[PDB]
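2 protein chains.
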Amino acid sequence: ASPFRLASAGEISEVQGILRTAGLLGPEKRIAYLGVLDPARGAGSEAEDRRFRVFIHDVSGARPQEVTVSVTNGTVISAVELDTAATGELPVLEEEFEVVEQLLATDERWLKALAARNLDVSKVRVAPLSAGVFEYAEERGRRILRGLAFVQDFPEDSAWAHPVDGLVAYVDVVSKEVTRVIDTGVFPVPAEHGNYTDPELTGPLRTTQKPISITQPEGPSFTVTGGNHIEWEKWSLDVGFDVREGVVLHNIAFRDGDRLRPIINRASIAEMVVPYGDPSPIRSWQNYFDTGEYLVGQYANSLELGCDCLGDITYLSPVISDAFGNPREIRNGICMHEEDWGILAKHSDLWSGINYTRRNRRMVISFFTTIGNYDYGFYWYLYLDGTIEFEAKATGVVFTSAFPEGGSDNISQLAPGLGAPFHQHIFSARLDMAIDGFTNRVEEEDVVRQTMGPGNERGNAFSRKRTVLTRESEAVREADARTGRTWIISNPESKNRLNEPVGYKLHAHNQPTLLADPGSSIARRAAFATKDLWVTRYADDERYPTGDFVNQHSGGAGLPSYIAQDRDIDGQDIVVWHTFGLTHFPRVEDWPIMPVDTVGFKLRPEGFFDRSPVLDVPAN
Amino acid sequence: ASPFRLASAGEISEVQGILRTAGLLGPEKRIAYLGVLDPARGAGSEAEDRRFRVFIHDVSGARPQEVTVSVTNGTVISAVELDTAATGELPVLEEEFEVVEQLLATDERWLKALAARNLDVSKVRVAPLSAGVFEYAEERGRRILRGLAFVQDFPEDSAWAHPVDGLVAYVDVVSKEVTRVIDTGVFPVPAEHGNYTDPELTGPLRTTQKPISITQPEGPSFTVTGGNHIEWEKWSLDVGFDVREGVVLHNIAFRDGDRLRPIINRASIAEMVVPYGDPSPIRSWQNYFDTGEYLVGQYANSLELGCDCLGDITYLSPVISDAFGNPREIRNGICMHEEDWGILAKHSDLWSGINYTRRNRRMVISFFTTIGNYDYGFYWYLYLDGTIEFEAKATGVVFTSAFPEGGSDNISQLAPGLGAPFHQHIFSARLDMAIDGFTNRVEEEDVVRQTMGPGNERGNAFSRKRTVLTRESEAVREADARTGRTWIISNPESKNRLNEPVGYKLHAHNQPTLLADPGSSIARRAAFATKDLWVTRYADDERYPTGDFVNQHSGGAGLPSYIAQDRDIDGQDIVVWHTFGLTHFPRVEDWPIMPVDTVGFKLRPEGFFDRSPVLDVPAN
Ligand SMILES: [Cu+2]
Ligand SMILES: [Cu+2]
Ligand code: NA
C-alpha cells in the first residue's frame, strides 16, 4: 500500500518486461542503474503510481539512454538519448571490471613491463579504477578504466601486500582496447605477506575473551509493518534502499502527544569521494566517487547474525536489478535493532530527597558495502531524546604503493618497502528537511565573546548570534570550531509554548574538508567537498551534489550549478547538504587490516518540544 | 601489597590516631582533604611507605595546616601553617553548606527581602556557592560563601523551578556573620513546578519498552587482584580513588608479546570549572571549581545494579575520611564492566575469497558525582585496538534564574518566567605520560596543503608537518580544527620495526575554550581553561592545573606558574594537560531534568605497535 515500500522482485521484472516491449532492452543493452522515484510533492496526489528511473548502456557503442517507466500503468513515460561527452558517462558496470585484467594480459606493452620485473602474468591482479577527467583528449566520450597491478603469490594471498609500483594502464572497456601503458620505472615489489588469517602472522588466538550475550526475552520494542515501516519509541519512518545511495530514510517523524510531527522528509548519503594525495603520476588521478561512479548499494554485504549484527536483529533483504533487468536479492543486507545506550538522565537531589535515574537506548539501522579493498559501514541512529545521528565506519585494507627509498611527504610506511598514500574519505549527507512541515529556514549560530566594560564589569558575559540564510547565494558555509558554530533548521510558522520557532541543531565534527588545490580536476568535480554546509531550495531533479552522471564528467553539474539559481530559502521547502570526512594518514596499526575509524554528524532538538520529551520513560 | 592499592578503612583510622596524639585533631579541627600520596619517582623503590596528605581546618579561626603523615611508621612527617590570604583557602566543607541557610534565616536584611516577596522563610532553600575573588577587600583571608535562594513549595518539590532573582547574600562561615545582602529588585518567582516524577507532568508512563538483557554466562574477561589491579585483553592498570579527583588510573600498560609496555603513568581529571556568563550582579561572580573547591570524589553516588550500571558489573567501594577522620565507605562507588563495541575490523576480499569480521570491545571504569543541581558521570574506556578514551556525561538540573521581561542576551527561557544562564563546563585532564618509558616528547601535527605546480602538476597532493615542543614556554597550544591539528606523544629512544619513534596521538573534540574576557577574575584563576594543550616537565608537587588551594585564591596559581620555569621537555619525563569542555546554551528540552550531553578526548596508537595489535582476536 505505502508509496515508500521497497521495490519488489515483481516490480523489477515488470520494468524489464516494459522496457523489452518498448524496444529499449534488446541483447546489446545493459541496465547501469535502476531505482524507484520518490512521490512528487502533493499530499495524496496520484493514489498509486510507482515510477522507476533506469540508465541503459549499449555495449555496441550506441548512445545510452535515461528512461522513466511507470510499473503501475505499464508504460514508458520518457526516454532521452544521452550525449556522454557533455553530460557524463553512466556508472561503471560490474561486468566491465573483469574486462581490464583480461585485456591487459594479452597486451605486449603490459607483458613487457611485467617481464622487466620478473613477474608471472598469471599472478598479477589488476585493480580496475574509475578514470576521472584529465589531460587525455582521446578519452572524451569513451568509457575508460585505469588499472593498477598487485601480485597474488597464491590463490588465498592478500594481493594488497604486493603493489607493482611504477606501472599503470588505461583501458577502453567498450571497444576493448588498451589505450596507454605507462611505465615510470621498476620498484621492488614488497615481499612480506599481509595474510591476517595466517597463524604465522596472528600468533595463537586469544583464549581470554568471555562471551557477551545480548538478548531480548520479549522481542524488540520496534514494529515493522508494510515491509519497511518502523515505529519505535515515538519515532516513525520508512527504510528505503537504492542501488546508488544505499539505505535511505523517509518520513522521519516523532509522535508528540496526539500529533505526528515531521522532522526529516528524506535523509541519505548522496555522494562519497575518496581523493588520493600522492603526486606520483602512477596514482595522481586516483579519486573514487563510491556512490556516484560505483553505486554503493550494489556491493552491500549479506550481514551475518552474531558477527556483523549482535542482539535481537530484524533484517531487510532489498531487491536490486542486475545488468539484464533480473531481480537480485541482497539477503540480510540491512540490520535493524535497538541498543542500550547508558544513562539518559540522572539527578540525586539533596533538598527533595528524590533520586532519579533513567536509561537511554537507540535504534540502529545499518548496512555494509565493499568496494575493492575498502569496506564501509553506514549507521543511522535514533535516540529516545529526539537526537538523530549518522556514523560512517571505515575499515578494510588500505590501498598500497611502494615506499620510496629516501622517504616521501605524501606516503606512510607500513612495512619494509610498503607504502600507503595519504587520502581522504569525504561524505555528503542530503537532508531534505521538514521540521514540523515544509516551511523551514537555516540559521548559523556562533558564540559571541564580550569585552569587559559597561554592562559587563566583571568580564564574564558571553552570548551567541544567529544569522538567517535567506538566499542560496549566501548559503554556502564553512565550519568554525573555535566559535562553536552550529546550524539551526527551524520552522518560523510553528512555535513552541514559549512562542519561539521550533528547531533542530546540526552538530558537525569540524574535520578538514577537501585538501586538493582549488584548480585541480577533483576540486571541480567534487566541489561539494570544499565547503561544510550548503542549503538549496528543493527541486525534484536536484538529487546528488555531483549531478546525475559523475563518471568521467568534468565540472558543470551539481551543487555549484544549483545554487546559481539564487532561490529564496527563508521559510521554504529546503534541503541541507552537509560535507564531512576523514583525513587518513595511514599508521602502522592500519596494516594488514585496518581497525574501524569513524566520522559522522548529529541533529538535536532545539526548542522543538515544550519540555524534555523523555519524562515518560519508565524506571525499569 | 601494591603501593597503588586503595586506601583502607584501617589506614584512615590510623591517620586519625596519629593526628590526634600529635595534638593536631582537637574538637575545633576539621579534615577538609585527606588522600594517599603517590610513590616518588624510583625504578627501584621497594620499602613500603604509605603516606597521606591532610588539610586541617580550624573552626575557631586559627590558621589551617597542611600535614603529611606516614601510616606505615606512625609519624607526622611535616606540618606547615598556611597563610590563606597568600596561598588560598581550604576546600569547602560539607558542614558549611547548612550554615549559610541557617545564618540568613535570622538576618533582618534577608528576612525583609523575603517579606517584600511574600516568601515564607521556612520554604526558602539557599544554594551555598563558592565566592571567588572580586572587589570586596574585606573578604581577603576570610572563608566566604555566597548564597542564592530557591523556593521549595513542599518537602518533595524541586526548588530549582523557583529561583528568587534579584537577591544574593555573602556569608563568613567562620565568624558566622552575614557580610552583605544585595537586593537589586523584585522579580516574579516562577510558579510552574519542575517535578519530573509527578504524573501530572510525565503523563502516563510508556508501556512500549521491552527489556534488553545483557549477561556474561562465563563471567567477565577481566581479572581484579590486590583489590584494584585490572588485567583485561592485554591491558594492565591500577584503579585509584582520591576524594578530590575521583577515579585516577595508574600504570596503564599494554602487554605486547612478552613485554609489558607502559603508556600512561597517571591519568586523572585534575580540575573542572563551571563559569557562568550572565552579567547580572546576582550571578556574575558564579564559577564552580567542582574538583578544586568542592572535591568531586566526596560526593560520588552509590551506583545501582541494572539502573546505573547494566551487565555483569564488578564494583569497587572506595573509602574516604569524613571531617573528623572517621572512614566512610562509598558503597558501589565505581562500576567496572566490559561491553560490546560493534565491528572491530571487516573485509570481504574478491581476489582471495576470504571474508573476515571481528568484533570490538571496551572496558569501562566509571563513577558519578552530584554537586548541588548538577550530576556528572566520568567514564574511562580501554579498547582492544589500543585506544584510550575519556568521556564526561553531564546531566542533572540546569541552574535557573528569572527570565527578564524583554528578554536577555545571556539567559535562555525554559518555561514562563524561568531562565537558565549561559555557562560552560570545562575539564582538565592531567596525563602523566610514559610512552614505552619516561623519555617522551610532544609534537604538534598539522595538515599541509600544497599548491598546484611542479612536482604536483594535478594539484592533488597534500601532506603534514610535525613540530617538536622543546621547552615549556612554547608548549601552550591552541586547537586548529581546520588544519586537522593533533598532538603526538612519542618516545625518541624507542623505535618500532620501521625505525620510527613509537607514539600515541591525542584527538581533541576542538570545542571552544574559556569565553570570559582575558582580564577577568575567572580567566586569571582558571588560566588552564584558556588554551587546549599544555606540556610541563614532571614535578612531584605540580598536581593540579589551578594549584593546591583553589578556593578564594587571587589568580595565577597552577599551570601559568609551572610553565614559567621554562624547563626542557624534549625527551624528558613530561605531563600533558588537555583542556576540553561543553558550552551550554540551555534549551527547552533540558528542562525540568536534562538529558545527558557528552564531551571527551581520545588517544590512539601511532606506530606504537609493529602492526595491528588485534590480529589475534578470535572470531567467536
Ligand atoms: Cu583511509
Ligand atoms: Cu550546563
Ligand atoms: Na524540505
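If you read the protein sequences in the order shown, they are chains A and B. Sequential numbering of the first sequence, starting at 9, is according to the UniProt record's numbering. Sequential numbering of the second sequence, starting at 9, is according to the UniProt record's numbering. Here a beta-carbon is modelled for each residue, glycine too, at the ideal position from N, C-alpha and C.
Completely contained beta strand (DSSP E) runs for the region 472-550 of chain B, where each covers 3 or more residues: If you keep only unbroken beta strand (DSSP E) runs of at least 3 residues inside the region 472-550 of chain B, you get 494-503, 509-516 and 541-545.
is_contact[residue 306 of chain A, chain B] using C-beta, thresh 8 Å: Translated into positions along the first sequence, residue 306 of chain A becomes position 298. Chain B, which has no Cβ nearer than 8 Å to the Cβ of residue 306 of chain A, makes this no.
Within chain A, partners of residue 585 of chain B - CB distance below 9 Å: By one-based count along the second sequence, residue 585 of chain B stands at place 577. Under the 9 Å cutoff, chain A gives no residues; its nearest Cβ is about 19 Å from residue 585 of chain B.
Any chain A beta carbon closer than 8 Å to residue 316 of chain B: Numbered from its first residue, the second sequence carries residue 316 of chain B at position 308. Yes, its Cβ sits closer than 8 Å to a Cβ of chain A.
Which of helix, strand or coil DSSP assigns to residue 214 of chain A: Counting from 1 along the first sequence, the entry for residue 214 of chain A is found at position 206. Three-state result, residue 214 of chain A: coil.
Any chain A beta carbon closer than 8 Å to residue 540 of chain B: Here residue 540 of chain B refers to the residue found at position 532 when the second sequence is read from its first residue. Not closer than 8 Å to any Cβ of chain A, the Cβ of residue 540 of chain B fails to qualify, so no.
Interface flag, residue 611 of chain B vs chain A, CB-CB below 8 Å: Position 603 of the second sequence holds residue 611 of chain B. Under the 8 Å criterion on CB atoms, residue 611 of chain B is classed as non-interfacial with respect to chain A.
Inter-stretch contact (C-beta, 8 Å, three-pair minimum) for the region 126-145 of chain A and the region 251-265 of chain A: No, because fewer than three Cβ pairs between the region 126-145 of chain A and the region 251-265 of chain A fall closer than 8 Å, the two stretches do not touch.
Contacts that residue 518 of chain B makes with chain A (C-beta to C-beta distance below 7 Å): For this step, residue 518 of chain B is matched to residue 510 along the second sequence. Annotation: Cβ neighbours of residue 518 of chain B in chain A (cutoff 7 Å, chain order): 489 and 518.
Contacts of residue 530 of chain B in chain A (Cβ-Cβ under 9 Å): Counting from 1 along the second sequence, the entry for residue 530 of chain B is found at position 522. 466, 467 and 468, listed in chain order.
Proximity test, residue 455 of chain A beta-carbon vs ligand 2 heavy atom, cut-off 7 Å: Translated into positions along the first sequence, residue 455 of chain A becomes position 447. Flag unset: Cβ of residue 455 of chain A not near ligand 2.
Distance cut-off 7 Å: residue 402 of chain B Cβ against heavy atoms of ligand 2: Indexing the second sequence from 1 puts residue 402 of chain B at position 394. Flag set: Cβ of residue 402 of chain B near ligand 2.
Range of the contiguous beta strand (DSSP E) that encloses residue 365 of chain A: Position 357 of the first sequence holds residue 365 of chain A. Counting along the chain, the beta strand (DSSP E) containing residue 365 of chain A begins and ends at 363-379.
Whole-angstrom distance between residue 61 of chain B and residue 74 of chain B, CA atom to CA atom: Position 66 of the second sequence, counted from the start, is the residue given in the question as residue 74 of chain B. Position 53 of the second sequence, counted from the start, is the residue given in the question as residue 61 of chain B. One C-alpha to the other measures close to 7 Å.
Distance between beta carbons of residue 480 of chain A and residue 573 of chain A, contact taken as under 8 Å: Position 565 of the first sequence, counting from 1, holds the residue named residue 573 of chain A. Position 472 of the first sequence, counting from 1, holds the residue named residue 480 of chain A. Contact holds; Cβ gap of about 6 Å.
At least 3 beta-carbon pairs within less than 8 Å: the region 464-471 of chain B vs the region 518-528 of chain B: With the cut-off at 8 Å, the region 464-471 of chain B and the region 518-528 of chain B do not touch.
Any non-hydrogen atom of ligand 5 closer than 7 Å to residue 431 of chain B Cβ: Among the ligands present in this structure, namely ligand 1, ligand 2 and ligand 3, ligand 5 is not found.
Proximal chain A residues relative to residue 71 of chain B, where beta-carbon distance stays under 8 Å: Sequence index remark: in the second sequence, residue 71 of chain B carries index 63 (1-based). Neighbours of residue 71 of chain B on chain A: none; closest Cβ ~30 Å, over 8 Å.
Proximal residues of chain A, C-beta to C-beta of residue 388 of chain B below 8 Å: Translated into positions along the second sequence, residue 388 of chain B becomes position 380. What residue 388 of chain B touches in chain A: nothing, since even the nearest Cβ is about 14 Å away.
Cβ contact (3+ pairs, closer than 8 Å) linking the region 145-162 of chain A and the region 34-54 of chain A: As far as the Cβ criterion goes, the region 145-162 of chain A does not touch the region 34-54 of chain A, which means the pair count is below three.
Pocket of ligand 3 (residues with CB nearer than 7 Å to any heavy atom), chain order: Those residues, listed in chain order, are A/273, A/440, A/441, A/442, A/446, A/448, A/546, A/581, A/582 and A/583.
Neighbour flag for residue 45 of chain B against chain A, beta carbons, 8 Å: Taking the first residue of the second sequence as position 1, residue 45 of chain B is located at position 37. For residue 45 of chain B, the answer is no, since every Cβ of chain A falls outside 8 Å of its Cβ.
Rounded straight-line distance, which links the Cα of residue 588 of chain B to that of residue 566 of chain B: Stepping through the second sequence from its first residue, residue 566 of chain B is reached at position 558. Stepping through the second sequence from its first residue, residue 588 of chain B is reached at position 580. When rounded, the separation of the alpha-carbon atoms in residue 566 of chain B and residue 588 of chain B is 17 Å.
Three-state class that DSSP yields for residue 74 of chain A in the structure shown: Here the question's residue 74 of chain A lines up with position 66 in the first sequence. Residue 74 of chain A carries a strand assignment under DSSP once its states are collapsed to helix, strand and coil.
Chain A within 8 Å of residue 365 of chain B, Cβ atoms only: Residue mapping note: residue 365 of chain B aligns to position 357 of the second sequence, counting from 1. Yes, residue 365 of chain B counts as interfacial toward chain A.
Interfacial residues, the region 219-233 of chain A to chain B, with Cβ spacing under 8 Å: From the region 219-233 of chain A, only 219, 220, 221, 222, 223, 224, 225, 226, 227, 228 and 229 have a Cβ closer than 8 Å to chain B.
Residue 311 of chain A and residue 230 of chain A closer than 8 Å at C-beta: If you number the first sequence from 1, residue 311 of chain A lands on position 303. If you number the first sequence from 1, residue 230 of chain A lands on position 222. No. Outside cutoff.
Residue 304 of chain B: CB within 7 Å of a non-hydrogen atom of ligand 2: One-based indexing of the second sequence puts residue 304 of chain B at position 296. Residue 304 of chain B Cβ: outside cutoff for every heavy atom of ligand 2.
Beta-carbon contacts of residue 545 of chain B that lie in its chain and below 8 Å, excluding the five residues immediately before and after: Locating residue 545 of chain B in the second sequence gives position 537, counting from the first residue. Excluding positions up to five away in sequence, the list reads 480, 573, 575, 576, 577, 580, 581, 582 and 583.
Same chain only: Cβ atoms within 6 Å of residue 95 of chain A, ignoring 5 sequence neighbours per side: Here residue 95 of chain A refers to the residue found at position 87 when the first sequence is read from its first residue. By the criterion of a C-beta distance shorter than 6 Å, residue 95 of chain A is surrounded in its chain by 557, once the five residues flanking it on both sides are discounted.
Three-way DSSP call (helix, strand, coil) for residue 32 of chain A in this model: Sequence index remark: in the first sequence, residue 32 of chain A carries index 24 (1-based). Coil, per DSSP.
Within chain A, the residues that residue 460 of chain B reaches when beta carbons sit closer than 8 Å: Numbered from 1 along the second sequence, position 452 holds the residue referred to as residue 460 of chain B. In chain order: 525, 527 and 528.
Interface positions of the region 345-357 of chain B facing chain A (Cβ-Cβ less than 8 Å), listed along the chain: So the close ones are 346, 347, 348, 350, 351, 352, 353, 354, 355, 356 and 357.
Close-in-space but distant-in-sequence residues of the same chain around residue 419 of chain A (CB under 8 Å, 5 per side omitted): As a position in the first sequence, residue 419 of chain A is number 411, starting the count at 1. Correct list, in chain order: 286, 409, 411, 412, 427, 428, 429 and 430.
Residue 149 of chain B versus residue 21 of chain B: straight-line alpha-carbon distance, rounded: Position 141 of the second sequence, counting from 1, holds the residue named residue 149 of chain B. Position 13 of the second sequence, counting from 1, holds the residue named residue 21 of chain B. Their backbone Cα atoms lie some 32 Å apart in a straight line.
One or two residues paired with residue 683 of chain A in a DSSP bridge: There is simply no residue 683 of chain A to check, as chain A begins at 9 and stops at 628 in what is shown.
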